[PDB]
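> Contents of work-v8.cif (mmCIF, C-alpha atoms) are below:
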data_coords
#
loop_
_atom_site.label_atom_id
_atom_site.label_comp_id
_atom_site.auth_asym_id
_atom_site.auth_seq_id
_atom_site.Cartn_x
_atom_site.Cartn_y
_atom_site.Cartn_z
CA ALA A 109 106.77 -54.80 -45.03
CA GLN A 110 108.82 -56.91 -42.55
CA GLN A 111 109.91 -59.25 -45.42
CA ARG A 112 111.18 -56.44 -47.69
CA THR A 113 113.20 -54.77 -44.86
CA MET A 114 114.53 -58.16 -43.65
CA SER A 115 115.51 -59.21 -47.22
CA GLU A 116 117.62 -56.05 -47.63
CA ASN A 117 119.56 -56.70 -44.39
CA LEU A 118 120.38 -60.29 -45.52
CA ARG A 119 121.15 -59.07 -49.09
CA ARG A 120 123.55 -56.30 -47.81
CA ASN A 121 125.42 -58.51 -45.27
CA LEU A 122 126.06 -61.20 -47.91
CA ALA A 123 127.57 -58.65 -50.35
CA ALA A 124 129.91 -57.40 -47.57
CA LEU A 125 130.92 -61.04 -46.91
CA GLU A 126 131.71 -61.53 -50.65
CA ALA A 127 134.07 -58.53 -50.48
CA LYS A 128 135.79 -60.03 -47.35
CA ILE A 129 136.24 -63.48 -48.95
CA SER A 130 137.47 -61.77 -52.16
CA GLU A 131 140.06 -59.90 -50.12
CA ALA A 132 141.26 -63.17 -48.54
CA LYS A 133 141.46 -64.73 -52.00
CA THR A 134 143.41 -61.62 -53.19
CA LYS A 135 145.81 -61.87 -50.18
CA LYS A 136 146.40 -65.62 -50.73
CA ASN A 137 147.80 -65.31 -54.30
CA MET A 138 150.54 -62.79 -53.35
CA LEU A 139 151.10 -64.15 -49.81
CA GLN A 140 152.34 -67.46 -51.29
CA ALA A 141 154.93 -65.44 -53.31
CA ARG A 142 156.30 -63.97 -50.02
CA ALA A 143 156.68 -67.51 -48.58
CA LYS A 144 158.55 -68.69 -51.72
CA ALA A 145 160.88 -65.65 -51.49
CA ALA A 146 161.48 -66.08 -47.73
CA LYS A 147 162.42 -69.73 -48.32
CA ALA A 148 164.73 -68.81 -51.27
CA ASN A 149 166.64 -66.20 -49.15
CA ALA A 150 167.23 -68.74 -46.35
CA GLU A 151 168.89 -71.31 -48.67
CA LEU A 152 171.18 -68.63 -50.21
CA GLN A 153 172.38 -67.57 -46.77
CA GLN A 154 173.11 -71.18 -45.72
CA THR A 155 174.99 -72.01 -48.98
CA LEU A 156 177.11 -68.80 -48.98
CA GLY A 157 177.96 -69.32 -45.28
CA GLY A 158 177.61 -72.45 -43.12
CA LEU A 159 180.05 -73.10 -40.27
CA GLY A 160 181.07 -76.16 -38.22
CA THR A 161 180.84 -79.76 -39.40
CA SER B 162 137.07 -72.45 -34.89
CA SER B 163 136.46 -70.16 -37.89
CA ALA B 164 137.97 -69.99 -41.38
CA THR B 165 139.31 -66.43 -40.70
CA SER B 166 140.76 -67.56 -37.34
CA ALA B 167 143.03 -69.98 -39.17
CA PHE B 168 143.76 -67.78 -42.30
CA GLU B 169 144.98 -64.78 -40.24
CA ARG B 170 147.05 -67.22 -38.11
CA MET B 171 148.72 -68.54 -41.32
CA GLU B 172 149.42 -64.97 -42.63
CA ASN B 173 151.45 -64.09 -39.52
CA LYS B 174 153.56 -67.27 -39.92
CA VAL B 175 154.45 -66.29 -43.54
CA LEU B 176 155.43 -62.75 -42.42
CA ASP B 177 157.56 -64.12 -39.49
CA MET B 178 159.48 -66.31 -42.00
CA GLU B 179 160.07 -63.27 -44.27
CA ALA B 180 161.44 -61.25 -41.32
CA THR B 181 163.58 -64.19 -40.00
CA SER B 182 165.16 -64.88 -43.43
CA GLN B 183 166.18 -61.25 -44.01
CA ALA B 184 167.53 -60.99 -40.42
CA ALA B 185 169.68 -64.09 -41.07
CA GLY B 186 171.09 -62.17 -44.10
CA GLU B 187 171.66 -59.01 -41.99
CA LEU B 188 173.69 -60.97 -39.39
CA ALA B 189 175.56 -63.09 -42.00
CA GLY B 190 176.73 -59.88 -43.70
CA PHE B 191 177.04 -59.06 -47.36
CA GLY B 192 180.02 -58.74 -49.71
CA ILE B 193 178.00 -58.11 -52.87
CA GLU B 194 178.19 -54.30 -52.55
CA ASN B 195 182.01 -54.01 -52.39
CA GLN B 196 182.32 -56.46 -55.28
CA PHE B 197 179.75 -54.48 -57.33
CA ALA B 198 181.90 -51.34 -56.85
CA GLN B 199 184.91 -53.29 -58.22
CA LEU B 200 182.77 -54.10 -61.35
CA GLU B 201 181.73 -50.41 -61.78
CA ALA B 202 185.33 -49.21 -61.62
CA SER B 203 186.35 -52.14 -63.82
CA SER B 204 183.94 -50.74 -66.44
CA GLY B 205 185.32 -47.15 -66.10
CA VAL B 206 188.88 -48.22 -66.99
CA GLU B 207 187.65 -49.85 -70.23
CA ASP B 208 185.10 -47.09 -71.03
CA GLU B 209 188.08 -44.91 -72.12
CA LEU B 210 189.41 -47.83 -74.20
CA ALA B 211 185.91 -48.26 -75.76
CA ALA B 212 185.75 -44.48 -76.46
CA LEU B 213 188.96 -44.63 -78.57
CA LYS B 214 187.34 -47.39 -80.73
CA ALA C 2 180.89 -80.85 -15.67
CA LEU C 3 182.51 -84.27 -15.53
CA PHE C 4 179.84 -85.51 -18.01
CA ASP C 5 180.76 -82.77 -20.49
CA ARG C 6 184.44 -83.72 -20.48
CA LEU C 7 183.46 -87.35 -21.32
CA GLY C 8 180.97 -86.20 -24.02
CA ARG C 9 183.74 -84.05 -25.56
CA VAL C 10 186.19 -87.06 -25.58
CA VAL C 11 183.76 -89.60 -27.16
CA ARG C 12 183.02 -87.15 -29.99
CA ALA C 13 186.73 -86.26 -30.46
CA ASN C 14 187.65 -89.95 -30.99
CA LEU C 15 184.82 -90.29 -33.57
CA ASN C 16 186.07 -87.11 -35.35
CA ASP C 17 189.65 -88.48 -35.37
CA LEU C 18 188.34 -91.77 -36.95
CA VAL C 19 186.34 -89.81 -39.61
CA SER C 20 189.49 -87.85 -40.55
CA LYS C 21 191.36 -91.16 -41.13
CA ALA C 22 188.64 -92.15 -43.64
CA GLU C 23 188.91 -88.71 -45.28
CA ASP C 24 191.19 -89.37 -48.22
CA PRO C 25 192.56 -86.18 -49.70
CA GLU C 26 191.71 -86.44 -53.44
CA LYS C 27 188.31 -88.07 -53.35
CA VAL C 28 186.53 -86.20 -50.53
CA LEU C 29 187.75 -82.98 -52.20
CA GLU C 30 186.44 -84.08 -55.67
CA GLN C 31 183.07 -85.17 -54.21
CA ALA C 32 182.77 -81.80 -52.47
CA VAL C 33 182.77 -79.90 -55.81
CA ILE C 34 180.29 -82.45 -57.29
CA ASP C 35 177.90 -81.97 -54.31
CA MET C 36 178.17 -78.13 -54.70
CA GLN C 37 177.47 -78.28 -58.46
CA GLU C 38 174.27 -80.35 -58.03
CA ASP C 39 173.00 -78.31 -55.00
CA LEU C 40 173.64 -74.96 -56.84
CA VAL C 41 171.48 -76.07 -59.81
CA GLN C 42 168.61 -76.93 -57.42
CA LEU C 43 168.95 -73.48 -55.82
CA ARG C 44 168.85 -71.80 -59.30
CA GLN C 45 165.57 -73.71 -59.89
CA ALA C 46 164.13 -72.44 -56.54
CA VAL C 47 165.18 -68.81 -57.31
CA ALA C 48 163.72 -69.05 -60.86
CA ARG C 49 160.21 -69.76 -59.50
CA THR C 50 160.41 -66.65 -57.27
CA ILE C 51 161.63 -64.65 -60.32
CA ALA C 52 158.56 -66.05 -62.13
CA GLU C 53 156.30 -64.10 -59.65
CA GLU C 54 157.90 -60.81 -60.81
CA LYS C 55 156.63 -61.48 -64.40
CA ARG C 56 153.27 -62.85 -63.19
CA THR C 57 152.46 -59.80 -61.02
CA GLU C 58 153.07 -57.55 -64.07
CA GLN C 59 150.46 -59.72 -65.93
CA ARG C 60 147.87 -59.61 -63.08
CA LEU C 61 147.99 -55.82 -62.83
CA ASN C 62 147.85 -55.23 -66.57
CA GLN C 63 144.83 -57.50 -66.89
CA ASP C 64 142.70 -55.95 -64.15
CA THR C 65 143.50 -52.34 -65.19
CA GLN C 66 142.11 -53.32 -68.64
CA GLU C 67 138.87 -54.76 -67.19
CA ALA C 68 138.62 -51.32 -65.55
CA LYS C 69 138.75 -49.71 -69.06
CA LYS C 70 136.04 -52.06 -70.38
CA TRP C 71 133.72 -50.96 -67.55
CA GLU C 72 134.30 -47.32 -68.73
CA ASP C 73 133.70 -48.37 -72.39
CA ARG C 74 130.42 -50.04 -71.32
CA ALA C 75 129.56 -47.02 -69.09
CA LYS C 76 129.88 -44.36 -71.87
CA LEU C 77 127.20 -46.22 -73.91
CA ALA C 78 125.05 -46.81 -70.78
CA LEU C 79 124.98 -43.03 -70.09
CA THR C 80 124.09 -42.25 -73.70
CA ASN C 81 121.28 -44.81 -73.83
CA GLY C 82 119.93 -43.17 -70.61
CA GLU C 83 120.26 -45.84 -67.94
CA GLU C 84 121.86 -43.98 -65.03
CA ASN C 85 121.70 -47.01 -62.67
CA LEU C 86 123.46 -49.33 -65.17
CA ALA C 87 126.12 -46.64 -65.71
CA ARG C 88 126.71 -46.18 -61.92
CA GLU C 89 127.15 -49.96 -61.45
CA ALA C 90 129.85 -50.03 -64.17
CA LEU C 91 131.64 -47.02 -62.61
CA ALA C 92 131.40 -48.53 -59.07
CA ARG C 93 132.91 -51.85 -60.31
CA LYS C 94 135.64 -49.81 -62.07
CA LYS C 95 136.71 -48.11 -58.80
CA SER C 96 137.53 -51.28 -56.82
CA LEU C 97 139.38 -52.78 -59.76
CA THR C 98 141.48 -49.56 -59.50
CA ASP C 99 141.93 -50.19 -55.73
CA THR C 100 143.05 -53.80 -56.57
CA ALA C 101 145.45 -52.49 -59.24
CA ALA C 102 147.06 -50.12 -56.76
CA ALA C 103 147.68 -52.99 -54.37
CA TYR C 104 149.47 -54.94 -57.17
CA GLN C 105 152.02 -52.20 -57.90
CA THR C 106 152.96 -52.01 -54.22
CA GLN C 107 153.47 -55.77 -54.09
CA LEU C 108 155.30 -55.67 -57.46
CA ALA D 2 181.37 -83.33 6.87
CA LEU D 3 181.87 -87.08 6.57
CA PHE D 4 179.65 -87.90 3.59
CA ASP D 5 180.67 -84.58 2.08
CA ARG D 6 184.38 -85.75 2.09
CA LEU D 7 183.63 -89.19 0.56
CA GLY D 8 181.48 -87.63 -2.20
CA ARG D 9 184.42 -85.36 -3.09
CA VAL D 10 186.72 -88.45 -3.28
CA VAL D 11 184.38 -90.19 -5.78
CA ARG D 12 184.35 -87.03 -7.98
CA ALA D 13 188.14 -86.53 -7.68
CA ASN D 14 189.11 -90.04 -8.88
CA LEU D 15 186.73 -89.68 -11.89
CA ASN D 16 188.17 -86.18 -12.64
CA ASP D 17 191.74 -87.56 -12.87
CA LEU D 18 190.64 -90.52 -15.08
CA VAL D 19 188.77 -88.36 -17.65
CA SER D 20 191.75 -85.90 -17.84
CA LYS D 21 193.99 -88.87 -18.83
CA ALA D 22 191.53 -89.74 -21.65
CA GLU D 23 191.67 -86.08 -22.81
CA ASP D 24 194.35 -86.07 -25.49
CA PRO D 25 195.29 -82.44 -26.02
CA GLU D 26 195.43 -82.32 -29.86
CA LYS D 27 192.08 -84.10 -30.51
CA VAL D 28 190.10 -82.50 -27.66
CA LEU D 29 191.23 -79.00 -28.75
CA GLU D 30 190.16 -79.67 -32.37
CA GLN D 31 186.74 -81.01 -31.31
CA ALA D 32 186.04 -78.03 -28.99
CA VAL D 33 186.67 -75.52 -31.85
CA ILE D 34 184.30 -77.57 -34.05
CA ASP D 35 181.53 -77.51 -31.34
CA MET D 36 181.92 -73.70 -30.90
CA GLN D 37 181.42 -73.10 -34.63
CA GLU D 38 178.12 -75.10 -34.70
CA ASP D 39 176.98 -73.22 -31.51
CA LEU D 40 177.79 -69.81 -33.14
CA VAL D 41 175.45 -70.57 -36.12
CA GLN D 42 172.53 -71.50 -33.80
CA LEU D 43 173.14 -68.31 -31.74
CA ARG D 44 173.15 -66.13 -34.92
CA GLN D 45 169.78 -67.67 -35.87
CA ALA D 46 168.50 -67.05 -32.27
CA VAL D 47 169.31 -63.31 -32.65
CA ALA D 48 167.74 -63.34 -36.19
CA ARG D 49 164.38 -64.64 -34.87
CA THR D 50 164.36 -61.82 -32.25
CA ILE D 51 165.21 -59.27 -34.98
CA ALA D 52 162.26 -60.80 -36.91
CA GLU D 53 159.83 -59.42 -34.28
CA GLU D 54 161.69 -56.04 -34.50
CA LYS D 55 160.68 -55.97 -38.20
#
Could you rewrite the structure in this file as C-alpha cells?

Amino acid sequence: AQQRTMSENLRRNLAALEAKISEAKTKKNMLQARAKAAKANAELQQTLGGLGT
Amino acid sequence: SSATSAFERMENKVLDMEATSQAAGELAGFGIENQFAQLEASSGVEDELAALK
Amino acid sequence: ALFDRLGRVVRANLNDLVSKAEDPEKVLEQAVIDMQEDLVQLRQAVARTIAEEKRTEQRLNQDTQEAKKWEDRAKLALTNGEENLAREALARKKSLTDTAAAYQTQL
Amino acid sequence: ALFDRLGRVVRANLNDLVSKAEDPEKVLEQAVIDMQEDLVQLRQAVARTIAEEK
C-alpha cells in the first residue's frame, strides 16, 4: 500500500520533469536563431556607419 | 550549481544582445524608409507608361 | 592635463606619418577591394538567419501534422472501444497544438 | 606657500614646452579624429541602457 502510493509520486514527478526538459529543448532551438539575428544586425549597423579611424 | 541555473542565465544574455543590437540601429538612424518611398513613386510614374502598353 | 596634451601630440605625429604613407590611388583601390570581400561575408551571415525563416515554417508544418495523426489514430481507438487509448491520443494532440502556436509567434 | 610656488614653477615650464610641440594643424586634426571614436563608444553606451528599457 505504501509502495503503490510512493510509486505514483515518483512516476508523476518524473513526467513533469520530462515536460520541463522538453520545454528547455524547445526554447534552445529558436533561442539560437535570436542570437544569430542579433549578431547579424550588429554587423550591418557597423558596416553602414562606422566613424573615426 | 544546477543545469537550469546556467540555462536561464544564458537565455538572458541572448535577449540582452537582441535588445542591444536593435538599440544600436535606433541610435544610428535609418534611411531605408525615405529611399523606399522614392522607389514607390518611381514605380507610379512608369505604371502609367506600362498601362499604355 | 599636461599628460593629455603630450598624449595628443605623440598620436598626432604618428597620424601625420601614416598620411605620408597613404598614397592616393592604391589605398583608395584597396578600400573598395576590402569592402567587396567583407560585404560577401556579411551576405553569408544574413543568409543563415534567412534560413531560419524557412526552417521554422517546416517545424510548424511537421508538428501540426503529427497532431492530425493522433486524431486519425483516436477516431479508430474510439470505435474499437478503448476510451483510455483514445484520451491519450487526444491529450498528446493538445500539447502539439500548444507547441505549434508557439512556432507561429516565433515565425 | 613656498613649496606651493616651486610646484607651480615645475608645471609652468612643462606647460610652455608641450605648447611648443603642439603644431596647430596636426593637433587639430588628431583631436577631431579622437572625438569621432569617442562618439561611437558613447552611442553604444546609450544603446546598452536602451537594451534594459526593452
> Name the residues in contact with residue B:171 at a cut-off of 12 Å, using all atoms listed in the file, excluding same-chain residues fewer than 5 positions from it; report them as a ChimeraX atom specification.
/A:132,135-136,139-140,143 /B:164-166,176-178
> Could you spell out the hits of the PyMOL selection byres ((chain D and resi 38-49) around 6) on the shown file, as JSON, numbers by chain?
{"A": [160], "B": [181, 184, 185], "D": [35, 36, 37, 50, 51, 52]}
> Go through chain B residue by residue and, counting only C-alpha atoms, keep those with an atom at most 6 Å from chain A; for each kept residue give the shortest atom pair and its distance in Å to one decimal, ordered by chain and increasing number, as a tab-separated table.

residue	atom	partner	partner_atom	distance
B:175	CA	A:143	CA	5.6
B:179	CA	A:146	CA	4.7
B:182	CA	A:150	CA	5.3
> How many Å lie between atom CA of residue C:98 and atom CA of residue B:173, rounded to one decimal?
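Calculated distance between atom CA of residue C:98 and atom CA of residue B:173 is 26.6 Å.
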> Starting from the shown file, work through the PyMOL selection byres ((chain C and resi 56-73) around 8) and note down what comes out as a PDB file with C-alpha atoms, keeping the file's coordinate frame.

ATOM      1  CA  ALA C  52     158.560 -66.050 -62.130  1.00  0.00           C
ATOM      2  CA  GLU C  53     156.300 -64.100 -59.650  1.00  0.00           C
ATOM      3  CA  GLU C  54     157.900 -60.810 -60.810  1.00  0.00           C
ATOM      4  CA  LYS C  55     156.630 -61.480 -64.400  1.00  0.00           C
ATOM      5  CA  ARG C  74     130.420 -50.040 -71.320  1.00  0.00           C
ATOM      6  CA  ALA C  75     129.560 -47.020 -69.090  1.00  0.00           C
ATOM      7  CA  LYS C  76     129.880 -44.360 -71.870  1.00  0.00           C
ATOM      8  CA  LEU C  77     127.200 -46.220 -73.910  1.00  0.00           C
ATOM      9  CA  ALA C  90     129.850 -50.030 -64.170  1.00  0.00           C
ATOM     10  CA  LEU C  91     131.640 -47.020 -62.610  1.00  0.00           C
ATOM     11  CA  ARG C  93     132.910 -51.850 -60.310  1.00  0.00           C
ATOM     12  CA  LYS C  94     135.640 -49.810 -62.070  1.00  0.00           C
ATOM     13  CA  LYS C  95     136.710 -48.110 -58.800  1.00  0.00           C
ATOM     14  CA  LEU C  97     139.380 -52.780 -59.760  1.00  0.00           C
ATOM     15  CA  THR C  98     141.480 -49.560 -59.500  1.00  0.00           C
ATOM     16  CA  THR C 100     143.050 -53.800 -56.570  1.00  0.00           C
ATOM     17  CA  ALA C 101     145.450 -52.490 -59.240  1.00  0.00           C
ATOM     18  CA  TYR C 104     149.470 -54.940 -57.170  1.00  0.00           C
ATOM     19  CA  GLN C 105     152.020 -52.200 -57.900  1.00  0.00           C
ATOM     20  CA  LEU C 108     155.300 -55.670 -57.460  1.00  0.00           C
TER      21      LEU C 108
END
> To test your reading of the syntax: which residues would the PyMOL selection byres ((chain D and resi 9-23) around 7) return for the file shown? Reply as a ChimeraX atom specification.
/C:3,6-7,10 /D:5-8,24-25,28
> Each residue of chain C lying at most 10 Å from chain D should get a row with its shortest atom-to-atom pair and the distance in Å to one decimal, counting all atoms listed in the file; could you produce that, ordered by chain and increasing number, as CSV?

residue,atom,partner,partner_atom,distance
C:2,CA,D:16,CA,9.5
C:3,CA,D:16,CA,6.6
C:4,CA,D:19,CA,9.4
C:6,CA,D:19,CA,6.9
C:7,CA,D:19,CA,6.5
C:9,CA,D:28,CA,6.9
C:10,CA,D:23,CA,6.2
C:11,CA,D:22,CA,9.5
C:12,CA,D:31,CA,7.3
C:13,CA,D:31,CA,5.3
C:14,CA,D:27,CA,7.4
C:15,CA,D:31,CA,9.7
C:16,CA,D:31,CA,7.3
C:17,CA,D:27,CA,7.0
> Under the rule that only C-alpha atoms are counted, which of A:119, A:126, A:161, A:113 is the nearest residue to chain C?
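The closest residue to chain C is A:161.
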> Could you work out how far atom CA of residue C:96 lies from atom CA of residue A:127, giving the answer in Å with one decimal?
10.2 Å
> Please return the centre and edge lengths, in Å to one decimal, of a box with edges along x, y and z that contains all listed atoms of stretch 180-183 of chain B, widened by 4 Å on every side, as JSON.

{"center_x": 163.8, "center_y": -63.1, "center_z": -42.0, "size_x": 12.7, "size_y": 11.6, "size_z": 12.0}
